[PDB]
file run37.tsv (TSV, C-alpha atoms and all ligand atoms)
chain	number	residue	atom	x	y	z
A	42	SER	CA	0.00	0.00	0.00
A	43	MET	CA	1.11	3.57	-0.75
A	44	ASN	CA	0.07	7.07	0.35
A	45	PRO	CA	0.42	9.96	-2.10
A	46	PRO	CA	2.75	12.87	-1.40
A	47	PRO	CA	1.05	15.27	1.04
A	48	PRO	CA	-0.41	18.55	-0.16
A	49	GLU	CA	2.08	21.38	-0.60
A	50	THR	CA	2.76	23.48	2.53
A	51	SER	CA	5.79	25.40	1.26
A	52	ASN	CA	6.47	27.10	-2.08
A	53	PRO	CA	8.77	30.13	-2.35
A	54	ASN	CA	7.34	30.81	-5.85
A	55	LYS	CA	3.83	31.38	-4.43
A	56	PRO	CA	3.12	34.99	-3.36
A	57	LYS	CA	2.20	35.27	0.35
A	58	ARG	CA	0.50	37.66	2.78
A	59	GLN	CA	-0.03	37.98	6.53
A	60	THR	CA	-3.47	39.61	6.89
A	61	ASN	CA	-5.87	40.11	9.82
A	62	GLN	CA	-8.35	37.65	8.24
A	63	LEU	CA	-5.63	34.99	7.91
A	64	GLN	CA	-4.55	35.69	11.51
A	65	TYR	CA	-8.18	35.08	12.59
A	66	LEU	CA	-8.25	31.82	10.61
A	67	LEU	CA	-5.26	30.62	12.68
A	68	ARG	CA	-5.95	32.13	16.10
A	69	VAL	CA	-9.74	31.55	16.17
A	70	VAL	CA	-10.84	29.08	13.47
A	71	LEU	CA	-7.98	26.53	13.36
A	72	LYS	CA	-7.37	26.66	17.15
A	73	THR	CA	-11.08	26.13	17.92
A	74	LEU	CA	-11.36	23.05	15.69
A	75	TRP	CA	-7.92	21.64	16.64
A	76	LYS	CA	-8.70	21.38	20.38
A	77	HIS	CA	-12.09	19.67	19.80
A	78	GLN	CA	-12.61	16.04	20.92
A	79	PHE	CA	-13.36	15.04	17.30
A	80	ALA	CA	-10.31	16.78	15.80
A	81	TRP	CA	-7.84	13.85	15.79
A	82	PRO	CA	-8.84	12.12	12.53
A	83	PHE	CA	-8.42	15.46	10.73
A	84	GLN	CA	-5.08	16.52	12.30
A	85	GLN	CA	-2.95	14.89	9.57
A	86	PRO	CA	-3.35	13.53	6.03
A	87	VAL	CA	-5.49	10.39	5.75
A	88	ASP	CA	-3.07	7.47	6.14
A	89	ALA	CA	-4.59	4.97	3.70
A	90	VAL	CA	-1.93	2.36	4.51
A	91	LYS	CA	-2.37	2.26	8.29
A	92	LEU	CA	-6.16	2.67	8.08
A	93	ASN	CA	-6.41	-0.05	5.38
A	94	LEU	CA	-8.26	2.21	2.91
A	95	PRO	CA	-6.67	1.17	-0.41
A	96	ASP	CA	-9.41	2.95	-2.40
A	97	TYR	CA	-9.24	6.29	-0.52
A	98	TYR	CA	-6.95	8.11	-2.97
A	99	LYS	CA	-8.66	6.44	-5.94
A	100	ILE	CA	-11.83	8.34	-4.92
A	101	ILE	CA	-10.32	11.47	-3.26
A	102	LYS	CA	-8.13	13.44	-5.69
A	103	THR	CA	-7.93	16.74	-3.73
A	104	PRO	CA	-6.87	15.59	-0.22
A	105	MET	CA	-6.91	18.09	2.64
A	106	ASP	CA	-6.58	18.06	6.43
A	107	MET	CA	-6.04	20.41	9.38
A	108	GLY	CA	-2.41	19.35	9.77
A	109	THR	CA	-1.77	20.74	6.30
A	110	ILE	CA	-3.93	23.81	6.97
A	111	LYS	CA	-2.08	24.46	10.25
A	112	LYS	CA	1.28	24.27	8.42
A	113	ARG	CA	0.00	26.58	5.67
A	114	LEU	CA	-1.18	29.17	8.23
A	115	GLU	CA	1.91	28.99	10.48
A	116	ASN	CA	4.22	29.27	7.47
A	117	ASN	CA	2.19	32.02	5.75
A	118	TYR	CA	1.46	29.96	2.61
A	119	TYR	CA	-1.74	31.81	1.66
A	120	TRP	CA	-2.43	35.07	-0.19
A	121	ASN	CA	-6.02	35.41	1.08
A	122	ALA	CA	-8.61	34.02	3.51
A	123	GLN	CA	-10.67	32.47	0.69
A	124	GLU	CA	-7.86	29.99	-0.08
A	125	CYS	CA	-7.83	28.79	3.53
A	126	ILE	CA	-11.63	28.64	3.80
A	127	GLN	CA	-11.61	26.50	0.63
A	128	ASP	CA	-9.10	24.11	2.23
A	129	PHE	CA	-11.43	23.57	5.23
A	130	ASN	CA	-14.39	23.01	2.90
A	131	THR	CA	-12.39	20.55	0.76
A	132	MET	CA	-11.53	18.62	3.96
A	133	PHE	CA	-15.19	18.35	4.99
A	134	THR	CA	-16.37	17.51	1.46
A	135	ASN	CA	-13.80	14.72	1.08
A	136	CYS	CA	-15.10	13.15	4.29
A	137	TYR	CA	-18.71	13.28	3.11
A	138	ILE	CA	-17.79	11.94	-0.37
A	139	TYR	CA	-15.72	8.97	0.84
A	140	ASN	CA	-17.89	7.87	3.78
A	141	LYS	CA	-21.48	6.73	4.35
A	142	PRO	CA	-24.21	8.95	5.80
A	143	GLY	CA	-24.47	8.56	9.58
A	144	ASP	CA	-20.95	7.12	9.96
A	145	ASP	CA	-19.14	8.25	13.13
A	146	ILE	CA	-16.50	10.06	11.04
A	147	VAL	CA	-19.26	12.01	9.20
A	148	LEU	CA	-20.81	13.03	12.55
A	149	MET	CA	-17.34	14.18	13.67
A	150	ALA	CA	-16.87	16.25	10.50
A	151	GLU	CA	-20.36	17.75	10.98
A	152	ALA	CA	-19.57	18.89	14.55
A	153	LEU	CA	-16.33	20.52	13.40
A	154	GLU	CA	-18.07	22.07	10.39
A	155	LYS	CA	-20.75	23.60	12.65
A	156	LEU	CA	-18.03	25.38	14.64
A	157	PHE	CA	-16.19	26.32	11.45
A	158	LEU	CA	-19.31	28.03	10.05
A	159	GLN	CA	-19.96	29.79	13.37
A	160	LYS	CA	-16.44	31.25	13.42
A	161	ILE	CA	-16.25	32.18	9.69
A	162	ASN	CA	-19.61	33.95	10.07
A	163	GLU	CA	-17.67	36.61	12.02
A	164	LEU	CA	-14.59	36.76	9.80
A	165	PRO	CA	-13.37	40.33	10.33
A	166	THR	CA	-13.35	42.91	7.55
A	167	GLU	CA	-9.91	43.48	6.01
A	168	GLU	CA	-7.79	46.14	7.70
B	201	LIG	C1	-14.52	1.78	6.42
B	201	LIG	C2	-13.59	2.58	7.31
B	201	LIG	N1	-13.54	3.99	6.95
B	201	LIG	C3	-12.55	4.77	7.39
B	201	LIG	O1	-11.65	4.35	8.10
B	201	LIG	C4	-12.59	6.23	6.96
B	201	LIG	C5	-11.75	7.12	7.89
B	201	LIG	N2	-12.43	7.07	9.19
B	201	LIG	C6	-11.82	7.50	10.24
B	201	LIG	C7	-12.56	7.31	11.52
B	201	LIG	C8	-12.30	8.17	12.59
B	201	LIG	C9	-13.00	8.06	13.78
B	201	LIG	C10	-14.01	7.12	13.89
B	201	LIG	CL1	-14.90	7.01	15.38
B	201	LIG	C11	-14.32	6.27	12.83
B	201	LIG	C12	-13.61	6.39	11.64
B	201	LIG	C13	-10.55	8.29	10.29
B	201	LIG	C14	-9.60	7.95	11.27
B	201	LIG	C15	-8.25	8.29	11.14
B	201	LIG	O2	-7.37	7.87	12.13
B	201	LIG	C16	-6.05	8.40	12.17
B	201	LIG	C17	-7.85	9.03	10.03
B	201	LIG	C18	-8.79	9.40	9.08
B	201	LIG	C19	-10.14	9.08	9.22
B	201	LIG	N3	-11.01	9.48	8.15
B	201	LIG	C20	-11.25	10.71	7.58
B	201	LIG	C21	-10.68	12.01	8.01
B	201	LIG	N4	-12.09	10.56	6.58
B	201	LIG	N5	-12.40	9.19	6.48
B	201	LIG	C22	-11.74	8.57	7.42
call {"tool": "encode", "arguments": {"input": "run37.tsv", "output": "C-alpha cells", "more": "lines below"}}
Ligand SMILES: CCNC(=O)C[C@@H]1N=C(c2ccc(Cl)cc2)c2cc(OC)ccc2-n2c(C)nnc21
result
Amino acid sequence: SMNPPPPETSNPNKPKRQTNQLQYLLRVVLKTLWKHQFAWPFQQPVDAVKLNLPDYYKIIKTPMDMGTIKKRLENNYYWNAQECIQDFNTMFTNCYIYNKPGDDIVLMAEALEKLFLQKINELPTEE
C-alpha cells in the first residue's frame, strides 16, 4: 500500500501575505477546531496504509486536512482568507464523499463544520 505525497505546505514561488483575516483563521478558526474532541482524525493527512483504505486516494483526488492547513497558516502559505476557507471546505467535502451517511466520522466532520461556520460567520473585515 502507498500514500500519495502530502499537499504542498511550502512554495517560495507562491506569493504570500499575513493579513488580519488569515490571523483570525489561525488564532480563532484553526485553534477552535484543533482542540475539539473530534479533531484527531483530521489533524494529519489520511493514512490509507495504516487505516487499510486502499481505495481512498482512488476516490479522493484533492486531499486536505487540518495538519496541512495548520502548516499553511503557520508558514504564511496563503495570499487570502478564501484559499484557507476552501481548504477547510475541501476537507469536509472529502469526508462526506468517501464515507457513508451517519458514519461516526461524518458526525465528527459535521460537529467541526458547525463550529467552522460559526467562526467564519464573524470573519473580520480586512484592515
Ligand atoms: C470503512 C472505514 N472507513 C474509514 O476508516 C474512513 C476514515 N475514518 C476515520 C474514523 C475516525 C473516527 C471514527 Cl470514530 C471512525 C472512523 C478516520 C480515522 C483516522 O485515524 C487516524 C484518520 C482518518 C479518518 N477518516 C477521515 C478524516 N475521513 N475518512 C476517514
call {"tool": "atom_distance", "arguments": {"input": "run37.tsv", "atom1": "CA of residue 122 (chain A)", "atom2": "CA of residue 66 (chain A)"}}
result
7.4 Å
call {"tool": "closest_atom_pairs", "arguments": {"input": "run37.tsv", "of": "region 70-130 of chain A", "to": "region 138-162 of chain A", "cutoff": "9 Å", "atoms": "all atoms listed in the file", "output": "JSON lines"}}
result
{"residue": "A:70", "atom": "CA", "partner": "A:160", "partner_atom": "CA", "distance": 6.0}
{"residue": "A:71", "atom": "CA", "partner": "A:157", "partner_atom": "CA", "distance": 8.4}
{"residue": "A:73", "atom": "CA", "partner": "A:156", "partner_atom": "CA", "distance": 7.7}
{"residue": "A:74", "atom": "CA", "partner": "A:153", "partner_atom": "CA", "distance": 6.0}
{"residue": "A:77", "atom": "CA", "partner": "A:153", "partner_atom": "CA", "distance": 7.7}
{"residue": "A:78", "atom": "CA", "partner": "A:149", "partner_atom": "CA", "distance": 8.9}
{"residue": "A:79", "atom": "CA", "partner": "A:149", "partner_atom": "CA", "distance": 5.5}
{"residue": "A:80", "atom": "CA", "partner": "A:153", "partner_atom": "CA", "distance": 7.5}
{"residue": "A:82", "atom": "CA", "partner": "A:146", "partner_atom": "CA", "distance": 8.1}
{"residue": "A:83", "atom": "CA", "partner": "A:150", "partner_atom": "CA", "distance": 8.5}
{"residue": "A:97", "atom": "CA", "partner": "A:139", "partner_atom": "CA", "distance": 7.1}
{"residue": "A:100", "atom": "CA", "partner": "A:139", "partner_atom": "CA", "distance": 7.0}
{"residue": "A:101", "atom": "CA", "partner": "A:139", "partner_atom": "CA", "distance": 7.2}
{"residue": "A:126", "atom": "CA", "partner": "A:161", "partner_atom": "CA", "distance": 8.3}
{"residue": "A:129", "atom": "CA", "partner": "A:157", "partner_atom": "CA", "distance": 8.3}
{"residue": "A:130", "atom": "CA", "partner": "A:154", "partner_atom": "CA", "distance": 8.4}
call {"tool": "atom_distance", "arguments": {"input": "run37.tsv", "atom1": "atom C3 of ligand LIG 201 (chain B)", "atom2": "CA of residue 111 (chain A)"}}
result
22.5 Å
call {"tool": "atom_distance", "arguments": {"input": "run37.tsv", "atom1": "CA of residue 75 (chain A)", "atom2": "CA of residue 112 (chain A)"}}
result
12.6 Å
call {"tool": "residues_around", "arguments": {"input": "run37.tsv", "residues": "residue 58 (chain A)", "least_positions_apart": "6", "cutoff": "9 Å", "atoms": "all atoms listed in the file", "output": "mmCIF file with C-alpha atoms, in the frame of the given file"}}
result
data_model
loop_
_atom_site.group_PDB
_atom_site.id
_atom_site.type_symbol
_atom_site.label_atom_id
_atom_site.label_comp_id
_atom_site.auth_asym_id
_atom_site.auth_seq_id
_atom_site.Cartn_x
_atom_site.Cartn_y
_atom_site.Cartn_z
ATOM 1 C CA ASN A 117 2.190 32.020 5.750
ATOM 2 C CA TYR A 118 1.460 29.960 2.610
ATOM 3 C CA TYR A 119 -1.740 31.810 1.660
ATOM 4 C CA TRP A 120 -2.430 35.070 -0.190
ATOM 5 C CA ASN A 121 -6.020 35.410 1.080
#
